[PDB]
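The chain below stands alone, shown as structure tokens; this is the form solved without the partner chain.
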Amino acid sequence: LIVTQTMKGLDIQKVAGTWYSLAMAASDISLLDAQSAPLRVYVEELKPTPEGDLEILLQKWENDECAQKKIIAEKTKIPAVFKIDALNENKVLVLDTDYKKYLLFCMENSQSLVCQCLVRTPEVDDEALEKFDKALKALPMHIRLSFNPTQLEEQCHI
């Protein structure tokens, strides 16, 4: 347990659809430094399921190419927290969202941590980035990236 910002009253069905990973940050440089860093991921679309799970579509650079990936994030008793199935138990938290402009989320292993500021459009939203920086102030981050509108329209933010 590191992250203790979490969204009260989250309606998961309302986060469905298209998102842009405007900014990312991580507790360790090596998590994000290279285009093929294991947790450098670019979100494309969120699809909550009827039973309340969250399917995620994203792009990740893997074997010298921008790959699509589908990940299912399973619900827990807490509406703002989900579990991804990997070797270690990996937990996704929704910290804050207004549904229509921005969504802040972090993923952590259950010590290491990656967070992103998601936005609805290919636009630099200073206000969402402010909320992002405010939430991160509380956290031990050592690398922060942000992307411009041109990169946001490219595969793997090229």
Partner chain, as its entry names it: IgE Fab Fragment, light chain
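Numbering follows the first chain given and starts at 1.
We do not show the form deposited with the partner chain bound, though everything after this point is about it.
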query	finding
Residue contact check: residue 97 to the partner chain in the deposited complex, 4.5 Å heavy atom	no
The partner chain contact at residue 6 in the deposited complex, heavy atom, 4.5 Å	no
Partner proximity in the deposited complex: residue 45 to the partner chain, non-hydrogen atom cutoff 4.5 Å	yes
The partner chain contact at residue 49 in the deposited complex, heavy atom, 4.5 Å	no
Sequence-ordered list of residues in 66-102 near the partner chain in the deposited complex, where near means a heavy atom within 4.5 Å	66, 67, 68, 70
